[PDB]
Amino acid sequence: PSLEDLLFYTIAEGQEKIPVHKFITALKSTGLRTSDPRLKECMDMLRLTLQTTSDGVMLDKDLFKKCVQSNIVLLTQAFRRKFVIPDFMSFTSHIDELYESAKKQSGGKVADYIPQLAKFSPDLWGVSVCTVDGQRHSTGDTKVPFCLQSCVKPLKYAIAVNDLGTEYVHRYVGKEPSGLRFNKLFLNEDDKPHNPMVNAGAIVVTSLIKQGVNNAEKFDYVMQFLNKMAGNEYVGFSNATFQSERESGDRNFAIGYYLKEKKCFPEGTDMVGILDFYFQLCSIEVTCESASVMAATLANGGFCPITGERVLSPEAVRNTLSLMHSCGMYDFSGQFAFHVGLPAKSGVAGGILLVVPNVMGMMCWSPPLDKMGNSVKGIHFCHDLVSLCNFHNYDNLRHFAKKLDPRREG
């Protein structure tokens, strides 16, 4: 009694033959996209079958077997409800409601210190989800590209820890929040930036990645790596944002000279070059969708959930998630950790990279920022989400009052 034929009877309902669209609809209903890279062989085979059998279109036990066999393990887990969120449909309806609520939150100011962010409508609002099992949902403007900006800080920190290890990286950068009123100070008392999520800390992390090669390869190396975290969905680049960011980055240069003088960099660092590399990494583009997959890779201990590819070490991902928890939301970091209790990173373009460990990754995007620099609708959404679901780090998985748990059912 193979997997293939016993799953066959599940969708077969008791009939001899299965509608192709009935299979596809059932597949989608689990939250998997038909374009999922782990489902390619099966999708090619279904397409091929539609060609070679216009006499249909319905799958015999043996025909069904011939399509789904190469992707059979995934298809089972999907259809035997063993995914991290069993009732993904119900969950996405909740996501949509959360979305509609934050959509009514119209305040905040779009960043305008360079013309490439002043341009973005205040009304763009997008939310994407990717579970650690690759289940997907999106609502709103989730295919509009925007710059990562500071959302890239944890990503490049993760690359650094991955390539070099914790101990080395943290010779150069600390692992703690500054404390909300040592905002302005570049260095902690050990003459290290206090953590990798502040600009000074990010600038030093940037200086550690791929030492020795030029910025072109350095950038290519980081771009490859983001491609994998995103399961090869959209990772772009804004040159316009880069040119603007470098021509108006006085404080970043102020930080650059300070760090150099305090000898914060590895020997042989070309600081002005590192600053230029730093502006490039800030100008790297995503959509909500592709970024949600990056977040999911961090939710999934370093494996990209839609390719099954190991992208980062567990050590790299844990460190990163630790610091997004405590340092990722600027001056709202403590507030956020307290009330939302999720690892997250915001950016000046309006992105909030969000991780729900062992469940899912998200990217919420809306350009208007609050006084602290976080997307208004993103922050509102994040609070609501943890109000609804027992996703708070220190929520309990067995005793959680009236909170809903999307990891269960009846």
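Numbers for residues come from their place in the sequence shown, where the first is 1.
Legend entry - Which of 221-229 and 181-189 has higher mean CA B factor, as the PDB entry lists it: According to the PDB entry, the answer is 181-189.
Inset, instruction - Decide which of the stretches 117-125 and 257-265 has the higher mean C-alpha B-factor, going by the entry. - result: According to the PDB entry, the answer is 117-125.
Inset, instruction - Just grab whichever of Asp163, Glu245, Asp96, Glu289 has the top CA B-factor as deposited. - result: The C-alpha B-factor peaks, among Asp163, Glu245, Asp96, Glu289, at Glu245.
Inset, instruction - Compare the CA B factors listed in the entry for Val57, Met372, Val359, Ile352 and report the winner. - result: Reading the PDB entry, the winner on C-alpha B-factor is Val57.
Inset, instruction - Check where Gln149 lands among this chain's C-alpha B-factors and tell me if it's the lowest, middle or highest third. - result: Middle third, going by the recorded CA B-factors of the chain.
Legend entry - Ranked C-alpha temperature factor of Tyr157 among modelled chain residues, by third: Bottom third by C-alpha B-factor.
Legend entry - Ranked against its chain, the third holding the CA B-factor of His21: CA B-factor rank for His21: highest third.
Legend entry - Third assignment of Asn396 from its chain's C-alpha B-factors: It belongs to the lowest third of the chain when residues are ordered by C-alpha B-factor.
Inset, instruction - Pull the Cα B-factor of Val272 out of the PDB entry and bin it into the chain's lowest, middle or highest third. - result: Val272: CA B-factor falls in the middle third of its chain.
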